[PDB]
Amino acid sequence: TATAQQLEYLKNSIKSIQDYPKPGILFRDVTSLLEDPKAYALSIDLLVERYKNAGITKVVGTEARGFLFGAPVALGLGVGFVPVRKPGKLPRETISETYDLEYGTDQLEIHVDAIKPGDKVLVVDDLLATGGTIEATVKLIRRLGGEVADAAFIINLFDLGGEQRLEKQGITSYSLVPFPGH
């Protein structure tokens, strides 16, 4: 389990922006962690350590900030990376899941051939808020016969209840940086 020093370094690497993207939200900006070679390397090293003995066979990350954390974790575990994408971007056969945006609905897609029965999948994302894109991604993985019990995040907004919501869907969340607020 990560040391207190390591977890505090990561928390202090993330910039917060008052009243973005609207009034009353203190936005947690993971791009300041990406620009610090120490913070970014540590985040990936800590996620690789958590799952190295977990029998993961694929990492799935959602477009686009999910790519930044899922793909290095895949490389660190030595397993394939599978992108979940906005519609119309994947060129081979896909399945789709509909989920809620703040101002409407949208879809996520995955290649049908990218997950099979026998796969044990880790989902990786930058930040856990309501958890809606993760729940949609888990449905894509399970519809292809993949087993997914694990989701990893750089940031957890614990006041938004996403860890408990994902636990009701059989997903255990590992998060490096907890922050309060909406």
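One-based numbering along the sequence shown.
task: Look over 133-141 and 44-52 in the entry and identify the one with the greater average Cα temperature factor.
output: Taking the mean B-factor of the alpha carbons in each, 44-52 is higher.
- prompt: According to the deposited entry, which of 87, 83, 104, 72 has the largest Cα B-factor?
  reply: 104 has the highest C-alpha B-factor of those listed.
field: Modelled-residue ranking by C-alpha temperature factor, third containing residue 150
entry: Middle third of the chain for residue 150's C-alpha B-factor.
message: Using the temperature factors of the C-alpha atoms in this entry, rank residue 91 within its chain: lowest, middle or highest third.
response: Lowest third - that is where residue 91 ends up once the chain's C-alpha B-factors are sorted.
message: Taking only the Cα B-factors deposited for this chain, tell me whether residue 30 sits in the lowest, middle or highest third.
response: Middle third - that is where residue 30 ends up once the chain's C-alpha B-factors are sorted.
task: Consider only the C-alpha atoms of the modelled residues in this chain, order them by B-factor as the entry records it, and name the third containing residue 63: lowest, middle or highest.
output: Its C-alpha B-factor belongs to the middle third of this chain's values.
query: Lowest, middle or highest third of the chain for the C-alpha temperature factor of residue 119?
result: Middle third - that is where residue 119 ends up once the chain's C-alpha B-factors are sorted.
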